[PDB]
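K.L.:
Before anything else, here's the structure in question.
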Amino acid sequence: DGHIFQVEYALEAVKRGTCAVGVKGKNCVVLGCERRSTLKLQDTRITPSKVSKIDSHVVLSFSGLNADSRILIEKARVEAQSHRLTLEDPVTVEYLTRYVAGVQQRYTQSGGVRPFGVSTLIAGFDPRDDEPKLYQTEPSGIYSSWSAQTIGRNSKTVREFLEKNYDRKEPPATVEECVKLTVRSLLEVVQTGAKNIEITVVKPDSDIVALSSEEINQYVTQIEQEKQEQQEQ
Amino acid sequence: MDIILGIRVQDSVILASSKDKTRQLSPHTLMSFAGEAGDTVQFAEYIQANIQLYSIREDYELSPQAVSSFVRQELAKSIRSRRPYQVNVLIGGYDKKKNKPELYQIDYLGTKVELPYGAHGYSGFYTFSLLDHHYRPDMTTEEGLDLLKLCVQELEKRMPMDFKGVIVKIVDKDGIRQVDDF
Amino acid sequence: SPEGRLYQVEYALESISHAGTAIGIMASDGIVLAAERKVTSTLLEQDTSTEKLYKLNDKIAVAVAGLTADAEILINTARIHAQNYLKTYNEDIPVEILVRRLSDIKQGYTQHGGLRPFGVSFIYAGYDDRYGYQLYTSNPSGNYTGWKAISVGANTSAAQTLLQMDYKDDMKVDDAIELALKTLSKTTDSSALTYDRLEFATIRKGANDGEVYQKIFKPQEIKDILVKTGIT
Amino acid sequence: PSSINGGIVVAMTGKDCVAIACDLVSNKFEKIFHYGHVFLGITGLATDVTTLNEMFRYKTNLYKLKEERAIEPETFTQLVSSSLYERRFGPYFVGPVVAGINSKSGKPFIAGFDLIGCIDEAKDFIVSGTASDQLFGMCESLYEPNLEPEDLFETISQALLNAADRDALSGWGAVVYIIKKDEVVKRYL
Amino acid sequence: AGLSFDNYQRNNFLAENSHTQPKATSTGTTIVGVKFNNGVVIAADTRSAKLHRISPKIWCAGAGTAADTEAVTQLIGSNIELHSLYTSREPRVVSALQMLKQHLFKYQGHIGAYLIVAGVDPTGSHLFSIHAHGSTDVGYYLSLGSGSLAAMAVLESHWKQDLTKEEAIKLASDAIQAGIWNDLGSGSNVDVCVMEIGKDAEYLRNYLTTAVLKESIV
Amino acid sequence: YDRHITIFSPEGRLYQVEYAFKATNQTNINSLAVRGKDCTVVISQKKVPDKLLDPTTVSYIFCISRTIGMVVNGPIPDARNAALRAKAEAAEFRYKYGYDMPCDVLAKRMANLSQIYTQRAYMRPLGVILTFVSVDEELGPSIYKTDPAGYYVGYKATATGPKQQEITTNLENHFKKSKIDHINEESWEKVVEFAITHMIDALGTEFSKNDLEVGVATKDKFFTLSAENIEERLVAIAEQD
Amino acid sequence: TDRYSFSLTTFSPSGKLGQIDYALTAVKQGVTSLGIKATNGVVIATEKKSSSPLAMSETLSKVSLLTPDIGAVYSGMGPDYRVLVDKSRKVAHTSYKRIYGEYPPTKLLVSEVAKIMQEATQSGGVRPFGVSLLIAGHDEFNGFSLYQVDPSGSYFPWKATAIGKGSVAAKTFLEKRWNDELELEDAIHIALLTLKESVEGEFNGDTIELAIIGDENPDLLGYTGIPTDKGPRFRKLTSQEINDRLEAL
Amino acid sequence: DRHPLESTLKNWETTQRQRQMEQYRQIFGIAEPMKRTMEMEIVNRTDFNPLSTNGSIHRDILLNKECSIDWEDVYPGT
Amino acid sequence: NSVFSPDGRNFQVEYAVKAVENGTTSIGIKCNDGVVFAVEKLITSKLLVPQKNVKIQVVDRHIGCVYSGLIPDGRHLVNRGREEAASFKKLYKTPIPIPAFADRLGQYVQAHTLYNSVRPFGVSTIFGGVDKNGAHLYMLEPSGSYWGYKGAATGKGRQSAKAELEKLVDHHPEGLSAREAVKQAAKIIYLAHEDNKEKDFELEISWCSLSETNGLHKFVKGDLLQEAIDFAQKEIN
């Protein structure tokens, strides 16, 4: 049966994995992450996305063990396509969250298997919906719905920063200002800057977008001179 | 009847079928089919589900050849046991490494061919004599639609049944385009 | 396992750190793999035996640092998947689909209770049409990383230093041979270097006629690259 | 491929050589596959001809990887015989005709099979295909032992040309492979 | 796993839809066995190989579907090689007989091998025959296949206790050759083997306008 | 963990097997076996000295099918369980291969099962040494002995129990001297009397119909003696010398 | 620290597998066996130091014939060797012979044996096999070979080797003797010399087991008349042919 | 519809062990089949590793197939 | 689950027998043509329903059981004994020989003493009956080790009881008749309770004899039991 300390210890590996933050908006959802340093000689042209698609309308990111993450993304991908194949409509974001919660709880319920050292953010829209969805799953198989959340290294200082800049009654007013808040959130922690931030933006009905190194620079050289203007003030 | 017709020109494939009954396996690939009303729909969707799972899992288009060989494999693999049922599949695509339109036919036994133009449906016997005189490797897309309109008119001249309304679709570098004779 | 840290997988990453040394280097024309055989006695037969470098199909090769008993089970599992992909898709397996499948199997032995993890790190070289030439690495934890020039096994960090201070993005495969050999001769704590203590492979474009051409080396070609490079 | 059980293969041997032909040029439903130096003519259903192509490509590529040498005509004959017998109860609708040179001895080899993998080894010539009874009559009228490479091509091409002689153009094909120790060829007659 | 029926409903459908099936090789023609003074003899007719080894001292003559006779005899020839190696004793003809009977009873005549089994072992000399049903027969002489009435009729007329090698090899040859004087001009020659209880098994083979020149290298 | 499961120790040992070997001394019973010309004979020291027991129910000679039998020493539960594993296998070899299970193959077959329990973690070795005897249709008189490790070998003569060193030394000094590699008598009446004589020499105690259990193999059958037949063989030793 | 479920042969903190070193210590304690490759054949050899002086030491064959043309010998756990050899004989007939009609090469059959040793080290709840195997044999193209296999399921081709108790004194003698010229006749003499250094009991045709995969032997085929069949290349030296060669020492 | 011997041989190996164990119950009593099925349960439970396909060497000793081949051991369905 | 020790002894059997040492004492006598089973109860309270309460279980028409150790372990063996002997009827069409019954239970109890996942049965059984050979009596231990017996006793009182069972069998060279054993067994059970007589208990006796019970198992009741008590009371007084 293992012991419950294994779940607390799994979650300590999740704390040593790099930072990830997601936010709802008025008409979008975003996921963003502390992409590690690409080491010298590491191949740029295929470098891992850190954020991952499960379909056109569900997207996921993790902290902790990157190996365990592949297996949960791939158990999620096969569930999404097998669900569409068997039930004639795409997976809802909560059903996918319940399947990922199901497998995470399965490895936490069995004594003959270690539980995954992976917490996740899971985000998207339901089919034919414009309420943005956001979730948070844990090594323990527990899950919860969110407006804004952070996992991984230094994630408390990002939760401080979110509680000082976000309101559940009044999100960042449109998809542009989600990026301001989420880039500025990661700039509290990602001391090497615009190389290390990665953001993916989702809109109703299957539009999903990776922001390039150029748009994240445009946001960082917007937030930086707003910081200078506030320093001159 | 439920005829399927496929015609390959210099830089497009045109897929046509009697009045559904096609799948966009990828935004650069199609599969217009015909056969027994049950098992062909489950097969078309099972093919779309794995090809779309690969498409998601790699973020990479599987080639028209590779999906054609996948479709022949799953058809052979489901002809074992059970008993052969009447089905026909045309896979029409564009290959973005070779820069070519491509058209494969696969009959119910798993016999995979690649030919200028292909049909399934017994009135197809009318079309082959019409498409041997005009077919040309140099054709542009609108010469394709002109070949098709001849075929559909002679199919209509020889079919007083409900043959009204082909659905017609074009595949090239710009992806699937649904298009009209009208 | 304890305190947010893996103890057996950290001991499997320590297990590969004795296991000879292997380098891979990518170039605009193709890929070089090179490796050092650990064992030497006059009675162990030095021809025929691939110790370190293995074919998965024509277009894909792997270098092993780790237990060879472990490596051979994974090599056969990838050979079956590669031919089963070719039978399914009529087209050669893209390198990433292969290195992901072996990396998942290596995570499965890392999580399962009964199973110790495989004590093997693989460097992969191959060509496919998505990205062209690709060079990858896959460790006992089941994580994989893509690299322009990489090493695994003994003296990982010292070899990655010499790669980092010599490598260039635009060289051709003949220039990679002299660097891979000189990286090994700077990474061999074993006293001196010989044609039988090396293994080498190259993947190249050949006639440009859609070719991919692996060049399994012999004791005649490796002797020639030694005397050509600067040791006799 | 239509009326497809009518597809034919002639196999024949000469002085240090072999020759496997097949009707088609149309260069369609080709039926003479190479697995290194060993050649496998197949006659029968085009779905089984291509299923068997993929299946022997799989087994031979693994063989070549495992054993570090190409599959010899004898070992290929045993592999095809046991592999066809695995389907004892619903066999492939084929007559395969294996051919090549045994690379260690330098000897010619040909064999044919029935659908469940029985081996016909005959040191002169072999035929297969559902209406080829006429062509067995032709070939027995004209074979001679130990023919040279180009006269081998002349006799196998005259065997083929004498078959089904209603139209010798448009629907006429004959892929004359000539198989020797160093270089193999493929004439599209 | 094992022998599969993958194309069983497809091949019944192809044969129903006039795509007429390739024909399996049937050896219908005579096999004989003759026990004698110091051993056993078996022999068979050939036309266009019909004697198979279970072990150096145990041999079969085959009739019916030819691939099945070679497959079952070599499968039991593998089980008995493994069993000889497992037990470290020379294999027994009664072990071959049990394994073949048990194995053809796994099947139900589906496999069409008809089989005369003869040999020597540390017990002496033995001669049996198995049918595709898994039925067994035993006797001092036996025959199976199309010549069997005429070959048995000759064997009754000529067999003795104390029959020697040369007499038995003549008699096996005349018992076959009566079975080939019926419908003579179709086959010829006789494969025979002789299992002398103290010595190597002895096998006697055949005991009697220029067309298109488009080309490329491959 | 190195002493609870059958796994390699620091000195390359398997302590679980050394503990199943100590279980073979547990009953304080000695057994002896000798080949004759046409027979093989096995003796066991029945030893029920001090109890309310019923001696027609205390036994360690087990016949296996028709022509084969064994003496076991080690705990009676493991001895009976080993007999169940020996009678089922001789009975189903006779189905599969069409001839009577030869003793060499039963000894191998019992020794290979003991290799399972000798490698697996969750199964325990049986705590017994099995001494099979028969007269084969090929090799004639046979003795084969199997032990908790799954080792086996044939024997000329053998002894097993707490006092086996004494019995084996007296047997060796007899074969060393007569040089026949079996006991040279034409009938089982004289091989039981040799066996009882050399057992009484080694244990230092005379035997009665109450201290003895005896089994005989001849090519038709394996048969255990009744206490009255042992009485004839005791009276015949006492009368002879 | 480990503690990781019931997994056996787990990685120590220094990266050693641990259980396998104790299996190498079981191999190291077993009685010597050795083999030599010559130009025209191969030799395999060992000692039968007796488990009782009343034993029939002909009933324990330490040298076994995997298949015609392939043989074997070991050090360590005799029960483990015997089970590996019942499986090795079976896998040669199933995977290779019943598909291809030929027997598997030594390179193939050594991978098949080494796989079973490797897979008994990755499953839970089974210790390693406490044996090292030598395999010797012949093939059409690959020619003659000797192999060693260790408890890990690692294997390699050798020219000559010795495993078990005497192995350091035997390998210093084999390097001092082995040469590319060797005729099988002199190879048998070098094998006999090397066990005569390592023996602690008496040395004779009953205490040494010795075999050879050399010439074809049609007198051993057991039948005649099919021309093609080659005759198992098996000449396991019986005690008289051993005593004939021991007249030279 | 289906091949006559398709299902006849599909269940054969379990049908044979089931019938072997039923005779062991009838002749040797309740304990002997329970002992055989416990060892089989220990050998199926313990020897899981995902890449395995030769079953296990020890279940051949328990099934008594240690030197005998079915066509199912010549052709793993894979 | 812990399965061998430096004495070659099976550790979990060293523990499982300690329960037998704390179970209800019982005696079995193999009479000249039968078996008599006798037992001491543990009447901690009058709540114990008399008559409904029984220690000597019927295993078959000709077979009975009395046992000491964990109650569900012994109840499971009585249940398996009822299955086992009924399985013999259903094929051999006759009542099972008592040594065949005893071996089948010895093999069953030994089974769980093997594997590191099941428990040695913490119960000793005395069992026996009358069959086509005659009477038989056997005692089976937690180790699986059983054997035939002239008479036997087990549970809390074993040493004083075995001293009295010797005083039967050394004193009469034939042993004793079924109607003598009914008296003589009760003498033992009240004697062996000497170290516990600050609590009281109920006598229960049952038998099977080829003559006195027609070879079918029956309880001993009324005048025979009362006569045995009037014997046991005058003998202990």
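In the structure tokens, chains take the letters A, B, ... in the order shown, each chain's residues start at 1, and ligands count up from 1 in the order shown.
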Show which residues sit within 6 Å of residue 65 of chain I, as number ranges by chain. Count only C-alpha atoms, and ignore same-chain residues fewer than 4 positions away.

P.N.:
I: 56-57, 126-127

K.L.:
Which polymer residues have any atom within 12 Å of an atom of segment 173-188 of chain E, counting only C-alpha atoms, with same-chain residues fewer than 2 positions away left out, as JSON, numbers by chain?

P.N.:
{"E": [27, 28, 29, 30, 31, 32, 33, 34, 41, 42, 43, 44, 45, 46, 47, 48, 141, 142, 143, 144, 145, 146, 147, 148, 149, 150, 151, 152, 153, 154, 155, 156, 157, 158, 159, 166, 167, 168, 169, 170, 171, 190, 191, 192, 193, 204, 205, 206, 207, 208]}

K.L.:
Tell me as a PyMOL selection string which residues belonging to chain H come within 12 Å of chain E, counting only C-alpha atoms.

P.N.:
chain H and resi 1-13+15-16+65-78

K.L.:
Tell me as an MDAnalysis selection string which residues belonging to chain G come within 12 Å of chain F, counting only C-alpha atoms.

P.N.:
chainID G and resid 3 6:9 18:30 48 50:62 76:86 120:121 123:131 151

K.L.:
Any idea what the distance is between atom CA of residue 118 of chain B and atom CA of residue 5 of chain B?

P.N.:
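Those two atoms sit 5.9 Å apart.
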
K.L.:
Could you write out, as a PyMOL selection string, all the residues of chain D that DSSP marks as helix (DSSP H, G or I)?

P.N.:
chain D and resi 4-6+46-67+73-85+133-140+149-162

K.L.:
Restrict the selected residues to C-alpha atoms and save them as an mmCIF file, in the first residue's frame.

P.N.:
```
data_model
loop_
_atom_site.group_PDB
_atom_site.id
_atom_site.type_symbol
_atom_site.label_atom_id
_atom_site.label_comp_id
_atom_site.auth_asym_id
_atom_site.auth_seq_id
_atom_site.Cartn_x
_atom_site.Cartn_y
_atom_site.Cartn_z
ATOM 1 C CA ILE D 4 -5.677 -11.357 -61.268
ATOM 2 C CA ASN D 5 -5.277 -15.117 -60.449
ATOM 3 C CA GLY D 6 -4.151 -15.222 -64.157
ATOM 4 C CA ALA D 46 -2.649 -8.767 -55.542
ATOM 5 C CA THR D 47 -3.649 -8.179 -51.888
ATOM 6 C CA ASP D 48 -1.659 -11.293 -50.827
ATOM 7 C CA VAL D 49 1.195 -10.426 -53.253
ATOM 8 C CA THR D 50 1.589 -7.041 -51.469
ATOM 9 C CA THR D 51 0.803 -8.380 -47.952
ATOM 10 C CA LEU D 52 3.549 -10.995 -48.487
ATOM 11 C CA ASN D 53 5.894 -8.289 -49.822
ATOM 12 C CA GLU D 54 5.561 -6.279 -46.580
ATOM 13 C CA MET D 55 5.669 -9.454 -44.447
ATOM 14 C CA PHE D 56 8.903 -10.788 -46.055
ATOM 15 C CA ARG D 57 10.425 -7.254 -46.044
ATOM 16 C CA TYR D 58 9.748 -7.173 -42.259
ATOM 17 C CA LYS D 59 11.161 -10.684 -41.615
ATOM 18 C CA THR D 60 14.172 -10.112 -43.917
ATOM 19 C CA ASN D 61 15.057 -6.665 -42.526
ATOM 20 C CA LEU D 62 14.990 -8.125 -39.001
ATOM 21 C CA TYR D 63 16.977 -11.163 -40.284
ATOM 22 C CA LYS D 64 19.605 -8.854 -41.849
ATOM 23 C CA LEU D 65 19.831 -6.804 -38.603
ATOM 24 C CA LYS D 66 19.952 -9.910 -36.301
ATOM 25 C CA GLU D 67 22.290 -12.146 -38.305
ATOM 26 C CA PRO D 73 17.768 -18.598 -51.418
ATOM 27 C CA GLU D 74 17.636 -21.864 -49.410
ATOM 28 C CA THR D 75 16.961 -20.077 -46.078
ATOM 29 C CA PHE D 76 14.424 -17.809 -47.824
ATOM 30 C CA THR D 77 12.812 -21.022 -49.221
ATOM 31 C CA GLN D 78 12.544 -22.385 -45.673
ATOM 32 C CA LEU D 79 11.297 -19.018 -44.282
ATOM 33 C CA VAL D 80 8.570 -18.729 -46.972
ATOM 34 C CA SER D 81 7.628 -22.438 -46.516
ATOM 35 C CA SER D 82 7.180 -22.187 -42.713
ATOM 36 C CA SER D 83 5.621 -18.687 -42.917
ATOM 37 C CA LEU D 84 2.997 -19.806 -45.483
ATOM 38 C CA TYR D 85 2.256 -22.884 -43.314
ATOM 39 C CA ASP D 133 -0.844 -25.031 -68.118
ATOM 40 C CA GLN D 134 -0.351 -23.883 -71.744
ATOM 41 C CA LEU D 135 2.959 -22.191 -70.753
ATOM 42 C CA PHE D 136 4.244 -25.354 -69.039
ATOM 43 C CA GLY D 137 3.550 -27.044 -72.414
ATOM 44 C CA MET D 138 5.497 -24.222 -74.099
ATOM 45 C CA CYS D 139 8.487 -24.331 -71.737
ATOM 46 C CA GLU D 140 8.914 -28.132 -71.842
ATOM 47 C CA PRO D 149 23.082 -15.523 -69.599
ATOM 48 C CA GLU D 150 21.902 -13.889 -72.866
ATOM 49 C CA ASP D 151 20.570 -17.160 -74.413
ATOM 50 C CA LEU D 152 18.780 -17.715 -71.053
ATOM 51 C CA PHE D 153 17.118 -14.318 -71.713
ATOM 52 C CA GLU D 154 16.335 -15.467 -75.291
ATOM 53 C CA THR D 155 14.653 -18.735 -74.133
ATOM 54 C CA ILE D 156 12.629 -17.217 -71.228
ATOM 55 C CA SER D 157 11.574 -14.296 -73.480
ATOM 56 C CA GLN D 158 10.487 -16.751 -76.232
ATOM 57 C CA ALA D 159 8.565 -18.755 -73.583
ATOM 58 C CA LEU D 160 6.779 -15.530 -72.565
ATOM 59 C CA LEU D 161 6.201 -14.337 -76.195
ATOM 60 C CA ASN D 162 4.577 -17.697 -77.146
#
```
